[PDB]
Amino acid sequence: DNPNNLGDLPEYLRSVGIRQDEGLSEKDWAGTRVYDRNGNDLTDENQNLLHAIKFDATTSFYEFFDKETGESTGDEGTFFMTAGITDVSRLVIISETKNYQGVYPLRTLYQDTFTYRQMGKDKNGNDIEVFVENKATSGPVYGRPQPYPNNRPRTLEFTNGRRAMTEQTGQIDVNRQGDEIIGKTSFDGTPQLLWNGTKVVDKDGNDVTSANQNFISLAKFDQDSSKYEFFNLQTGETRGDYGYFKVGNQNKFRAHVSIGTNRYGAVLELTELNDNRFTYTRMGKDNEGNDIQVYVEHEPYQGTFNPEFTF
């Protein structure tokens, strides 16, 4: 029925963010106005913040398009709304073609309006926080009641969409959200799990951890806030690599944006995901220093550290 709802959970048990992602996926969007926090109109000074958008929750995929033509801008990638259960809601954009990431606190998502906070420009070219208002260009009118409503059809179409992800090294659980599998919280929102990288292997299962040590962390995920942080496995100290994460696309990738000492985004294909192990794949090294595909295995952490998030 709803392929994004792994485990067929009633809505009341789901994160706010995944429900918001689904809401965003129902409509074509276009940037219409930009305002400062007081409500003063700065649309003319921030035209570059305004585009047309299509979102797909199931694949956690977005693309931007020209408002005039609907032609792609060539910017596509991963998006998600943060979980929003124990922390505030933010839109995360990880561009897979334009090599940037953005984190935009939610201001409004209701009916035909989607507004978030972004850095923009005031009348004098000074950098200021602005609110970027998007309006739906498809769907209902949202006026008076209609027994027989005349809804605007959708028109945007993705150029490519999310690629098919088929790399597998072990069982991949598809009956619970991957955020729950790696970032389980208790009823009151307290994260319950810690993981560590155990080894890095090549496609034949040979251990190449020696050549890929910096991929090994003590990792902490929280499904209720979408927060992650990576710590030095041996010292328990933060690596300065922390921000927001999402397991998406029928649990076939883990994506994250680092907002710490090195600004980057990652979209990593998951090849195993279960309560005993998760594995992602990316390019790494062999011991001769050649560039090879590697697989970074993780298991539940058995050590004594229990680090708090540093942000």
# chains A, B, ... in the order shown; residues from 1 in each chain; ligands from 1

$ select_by_dssp --residues "range 67-220 of chain A" --states "strand (DSSP E or B)" --output "MDAnalysis selection string"
chainID A and resid 72:81 90:95 101:110 113:121 127:136 139 152 172 185 191 195:201 207 218:220

$ residues_around --residues "residue 230 in chain A" --least-positions-apart "4" --cutoff "12 Å" --atoms "only C-alpha atoms" --output "PyMOL selection string"
chain A and resi 194-197+214-221+234-245+256+258+260-261+307-311

$ residues_around --residues "residue 206 in chain A" --least-positions-apart "2" --cutoff "12 Å" --atoms "only C-alpha atoms" --output "count of residues only"
18

$ closest_atom_pairs --of "range 213-301 of chain A" --to "range 66-79 of chain A" --cutoff "10 Å" --atoms "only C-alpha atoms" --output "tab-separated table"
residue	atom	partner	partner_atom	distance
A:246	CA	A:79	CA	8.9
A:248	CA	A:78	CA	9.3
A:255	CA	A:78	CA	7.8
A:256	CA	A:78	CA	9.5
A:265	CA	A:78	CA	9.8
A:266	CA	A:78	CA	9.5
A:267	CA	A:78	CA	7.8

$ closest_residue --among "A:190, A:175, A:25, A:32" --to "residue 52 in chain A" --atoms "only C-alpha atoms"
A:32

$ atom_distance --atom1 "CA of residue 161 in chain A" --atom2 "CA of residue 4 in chain A"
15.6 Å

$ closest_residue --among "A:156, A:119, A:181, A:130" --to "residue 63 in chain A" --atoms "only C-alpha atoms"
A:156

$ select_by_dssp --residues "range 116-244 of chain A" --states "alpha helix (DSSP H)" --output "PyMOL selection string"
chain A and resi 178-183

$ residues_around --residues "residue 21 in chain A" --least-positions-apart "5" --cutoff "8 Å" --atoms "only C-alpha atoms" --output "count of residues only"
6

$ closest_residue --among "A:87, A:129, A:207, A:122" --to "residue 104 in chain A" --atoms "only C-alpha atoms"
A:129

$ residues_around --residues "residue 264 in chain A" --least-positions-apart "4" --cutoff "8 Å" --atoms "only C-alpha atoms" --output "ChimeraX atom specification"
/A:100-101,257-259

$ closest_residue --among "A:109, A:305, A:160, A:247" --to "residue 62 in chain A" --atoms "only C-alpha atoms"
A:160

$ atom_distance --atom1 "CA of residue 58 in chain A" --atom2 "CA of residue 31 in chain A"
23.0 Å

$ atom_distance --atom1 "CA of residue 298 in chain A" --atom2 "CA of residue 224 in chain A"
21.1 Å
